[PDB]
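Undergrad:
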Amino acid sequence: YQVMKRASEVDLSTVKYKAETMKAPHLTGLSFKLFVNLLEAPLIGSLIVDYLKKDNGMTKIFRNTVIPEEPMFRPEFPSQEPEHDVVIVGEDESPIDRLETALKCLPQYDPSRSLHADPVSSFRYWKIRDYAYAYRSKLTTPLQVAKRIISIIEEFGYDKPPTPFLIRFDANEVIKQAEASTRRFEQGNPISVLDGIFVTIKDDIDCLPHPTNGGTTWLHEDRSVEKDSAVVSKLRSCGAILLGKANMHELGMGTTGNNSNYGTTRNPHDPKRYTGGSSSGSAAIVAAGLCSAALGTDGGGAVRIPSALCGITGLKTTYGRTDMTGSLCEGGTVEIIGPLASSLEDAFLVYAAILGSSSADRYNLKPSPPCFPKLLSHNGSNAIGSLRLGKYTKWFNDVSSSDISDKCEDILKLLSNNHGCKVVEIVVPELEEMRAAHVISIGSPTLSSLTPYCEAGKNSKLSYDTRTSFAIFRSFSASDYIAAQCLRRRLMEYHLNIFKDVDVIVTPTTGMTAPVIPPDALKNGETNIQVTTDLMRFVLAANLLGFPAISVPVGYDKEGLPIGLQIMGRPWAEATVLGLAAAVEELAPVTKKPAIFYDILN
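Per PDB author numbering: the sequence shown ends with 605, consecutive numbering throughout.
#1: Using DSSP's beta-bridge definition, name the partner residues of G572.
#2: Taking DSSP as the reference, what is the three-state secondary structure of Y559?
#3: CB-CB under 6 Å to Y138, same chain, minus the five flanking residues each way: which ones, in chain order?
#4: Quick check: the Cα distance between residue 609 and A120, rounded to an integer number of angstroms?
#5: Check whether the stretch 267-287 and the stretch 220-229 are in contact - that is, three or more C-beta pairs closer than 8 Å.
#6: In angstroms with no decimal places, state the Cα-to-Cα distance between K26 and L390.
#7: Just to confirm the assignment, what range does the alpha helix (DSSP H) spanning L245 have?
#8: Is there a Cβ of chain C sitting closer than 8 Å to that of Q180, yes or no?
#9: Going by C-alpha to C-alpha distance, which of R127, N175, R171 sits closest to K150?
#10: Only counting the same chain, and skipping five residues up and downstream in sequence, which positions put a Cβ closer than 8 Å to that of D231?
#11: Out of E12, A105, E94, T31, which one is the CA nearest neighbour of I70?
#12: Do you know whose CA, among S97, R438, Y456, lies nearest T62's CA?
#13: Can you find the residues in the same chain that come closer than 7 Å, C-beta to C-beta, to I475, ignoring five residues on each side of it along the sequence?
#14: Ignore the nearest five residues each way along the sequence and tell me which others in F172's own chain have a CB closer than 7 Å to its CB.
#15: What's the gap between the Cα of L33 and the Cα of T513?
#16: Pick helix, strand or coil for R187, following the three-state DSSP scheme.
#17: What is the DSSP secondary structure of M437, counted as helix, strand or coil?
#18: With which residues is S330 paired in a DSSP beta bridge?
#19: Using the rule of at least 16 other Cβ atoms within 10 Å of the residue's Cβ for burial, across every protein chain shown, is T31 buried or exposed?
#20: Could you check what DSSP says for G460 in three-state terms: helix, strand or coil?
#21: How big is the Cα-Cα spacing for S295 and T143?
#22: Would you kindly report the start and end of the unbroken alpha helix (DSSP H) that includes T536?
#23: Given a threshold of 16 other Cβ atoms within 10 Å of its Cβ, counted over all protein chains shown, does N67 qualify as buried or as exposed?
#24: Is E84 helix, strand or coil when you go by DSSP?
#25: Can you tell me the Cβ-Cβ gap for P28 and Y277, rounded? I've got them flagged as a contact below 8 Å.
#26: Could you tell me the alpha carbon to alpha carbon distance between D401 and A22, rounded to whole angstroms?
#27: CA-CA distance, residue 2 and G549?
#28: If we require 3 or more residues per run, which beta strand (DSSP E) segments fall completely within the stretch 298-379?
#29: Determine the burial state of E84: buried for a count of at least 16 other Cβ atoms within 10 Å of its Cβ, exposed for fewer.
#30: What distance in whole Å lies between the Cβ atoms of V509 and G393, which are believed to be in contact at a cut-off of 8 Å?
#31: Alpha carbon to alpha carbon, how far is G558 from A459?
Below, the structure written as structure tokens:
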């Protein structure tokens, strides 16, 4: 008839692992086209969608189950204990001043990395301090770096279909910015360490003067971009060079990166494989080495998932930690804006500038003052060793590739052997509920904000991948949402209890390596839910509950595809996950040069 539960009293010795994958049909090409028209039919449309809900147990959860927890709409964080051995930074400090305190947290820069590099050494990425050194050593100039990047984009067609890194590129604007930075360096007064650094902005973040289309071909007609966003104006105040708008899965509704609107961005490690959504074009341009770092939203693993498939460092900050004023996901309950970079030193620097909670999030969330980790490890490595690592073994090994579970376990054994971290066995109850509770809490505000435009006939101007999800999102009633917010309160109490025993929850970022692109899906898209969900298996926790997570590269699988490990920490614990990710990077640095890679500063 019906069933019921209660979170604050579950016997955690009997909790069991829900290992049922999302079994939904995958269609490509013309079969996908007629299937979307099936869902958008006035009669047989809702019948097929109601079958998909009932099949994957989403009806039994939202309709045939009693929940005692009260509705928790937004993440509500308790008063957290202060982080150990950090540097408190002002929340209203100018990002110029914040970058300076961040430079003190870094180890002293060795010029042996930039110039006089040993000819017989391994592969390495160029860091932000590498460019900041050659700019001040008059070895090069931001104008010369801009002309070299503009040439690469124009030569290989990275602003044109079918394989573009960007979907809005103004070469005449980049030269205008690089000239001002070059002039400031010649005058001898650079703004900050980020002065002259090339940063790519995702297409769902307002960056002047480009319009914000979010991956669509019509959003600029309805949405006007009149001023910079919060994260962009902070980078521009530091002197950073804003490259252009990055390719992305349309409106964030996809974890593969299929954009049958501007072309699917290809993985720099293998162009025949997917790069990972939703921040698809932003994580690829960093992995290819064209720019230092890139910003992007993350409401369902959009920053961490492609950072693991491409082999870069993606930072998912705490809910409300980084302001979102001026993006397509303002007011959302699972989304933030985190940086994607090639190294931990780079991503940490970008976070130092873009952080700063909004005035609305300041009073509602009450964030602790932002603090940077002392990444100079002397005296240190006593705080790294005292960390308790939470591992759900059954959850840890539920990956479709045995190399991912083995390499991620190697870093756990390496972290326990070099610093002394204790791998504490944990358990995450009600994981299938976290799936259903997330999918509705991310699509409901998106479908709501896009409804006045879809009702305005512009729904036909959307891709088939999005309209397939939008057809299912319309099947979510207001009663379903209220029941789902109660599930968020349950999982919030579970994870808050886990953080009483451990400090971070270490998990593989994705259940699979970089998957091959089905060639039939490059025409109008696909609807593989078994694949688009298997990537979200480990990243939903940080979104539904607002936790900060970070995916740091740890190695490569059999076919040489990168592997990323996720480190999710306590609320407002950016310095804790960044510091541990630095020890992981030191224990497993990037060594394989990707296929599509462009070495700058020759």
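For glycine and all other residues, C-beta sits at the position ideal for the given N, C-alpha and C.
TA: This is what the structure gives:
#1: For this step, residue 572 is matched to residue 569 along the sequence shown. By DSSP's assignment, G572 forms a beta bridge with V507.
#2: The count along the sequence shown starts at 1 and reaches residue 559 at position 556. Looking at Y559 - three-state DSSP - the assignment turns out to be strand.
#3: Locating residue 138 in the sequence shown gives position 135, counting from the first residue. Taking C-beta separations shorter than 6 Å and ignoring five residues to either side along the sequence, the partners of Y138 in its chain run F188, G199, following chain order.
#4: Shown here, the chain extends from 4 to 605; a query on residue 609 therefore has no answer.
#5: With the cut-off at 8 Å, the stretch 267-287 and the stretch 220-229 do not touch.
#6: On the sequence shown, residue 26 is found 23 positions in, with the first residue counted as 1. On the sequence shown, residue 390 is found 387 positions in, with the first residue counted as 1. Their backbone Cα atoms lie some 38 Å apart in a straight line.
#7: By one-based count along the sequence shown, residue 245 stands at place 242. Taken as a continuous stretch (DSSP letters only), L245 belongs to no alpha helix (DSSP H), being part of the beta strand (DSSP E) at 244-249.
#8: Although the question refers to chain C, the structure presented lacks it and comprises just one protein chain.
#9: Along the sequence shown, one-based indexing puts residue 150 at 147. Of the listed residues, the one whose Cα sits closest to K150 is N175.
#10: Start at 1 with the first residue of the sequence shown, and residue 231 comes out as number 228. The answer, listed in chain order, is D209, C210, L211, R239, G329.
#11: As a working mapping, residue 70 is identified with position 67 in the sequence shown. Among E12, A105, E94, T31, the Cα nearest to that of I70 belongs to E12.
#12: Position 59 of the sequence shown, counted from the first residue, corresponds to residue 62. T62 has its Cα closest to that of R438, out of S97, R438, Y456.
#13: For this step, residue 475 is matched to residue 472 along the sequence shown. Within the same chain, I475 has close Cβ partners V52, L55.
#14: Here residue 172 is taken as the residue at index 169 of the sequence shown, counted from 1. Excluding sequence neighbours, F172 sits near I156, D162, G247.
#15: Locating residue 33 in the sequence shown gives position 30, counting from the first residue. Locating residue 513 in the sequence shown gives position 510, counting from the first residue. In a straight line, the C-alpha of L33 is about 30 Å away from that of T513.
#16: The count along the sequence shown starts at 1 and reaches residue 187 at position 184. Secondary structure at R187: helix, using DSSP grouped into helix, strand and coil.
#17: Locating residue 437 in the sequence shown gives position 434, counting from the first residue. Helix at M437.
#18: Position 327 of the sequence shown, counted from the first residue, corresponds to residue 330. Answer is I208, bridged to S330.
#19: Position 28 of the sequence shown, counted from the start, is the residue given in the question as residue 31. By the neighbour-count rule (16 or more Cβ atoms within 10 Å), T31 is buried.
#20: Counting from one through the sequence shown, the residue named residue 460 turns up at place 457. Correct three-state label for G460: helix.
#21: In the sequence shown, residue 295 corresponds to position 292, counting from 1. In the sequence shown, residue 143 corresponds to position 140, counting from 1. Rounded to the nearest angstrom, the two C-alpha atoms are 16 Å apart.
#22: Start at 1 with the first residue of the sequence shown, and residue 536 comes out as number 533. DSSP places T536 inside the alpha helix (DSSP H), whose first and last residues are 532-537.
#23: Position 64 of the sequence shown holds residue 67. The residue in question, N67, is exposed, as its Cβ has fewer than 16 Cβ neighbours within 10 Å.
#24: Counted from its first residue, the sequence shown places residue 84 at position 81. Note: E84 maps to coil in three-state DSSP.
#25: Sequence index remark: in the sequence shown, residue 28 carries index 25 (1-based). Sequence index remark: in the sequence shown, residue 277 carries index 274 (1-based). Rounded, the Cβ-Cβ distance is 19 Å, inconsistent with contact.
#26: Against the sequence shown, residue 401 aligns to sequence position 398. Against the sequence shown, residue 22 aligns to sequence position 19. Their Cα atoms are separated by approximately 8 Å.
#27: Beyond the ends of the chain as shown, which are 4 and 605, falls residue 2; an answer cannot be given.
#28: You should have 316-319, 339-344, 374-376.
#29: In the sequence shown, counting from the first residue as 1, residue 84 sits at position 81. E84 comes out exposed.
#30: Residue numbering aside, residue 393 sits at position 390 when the sequence shown is read from its first letter. Residue numbering aside, residue 509 sits at position 506 when the sequence shown is read from its first letter. Confirmed, Cβ separation roughly 7 Å.
#31: Here residue 558 is taken as the residue at index 555 of the sequence shown, counted from 1. Here residue 459 is taken as the residue at index 456 of the sequence shown, counted from 1. Rounded to the nearest angstrom, the two C-alpha atoms are 48 Å apart.
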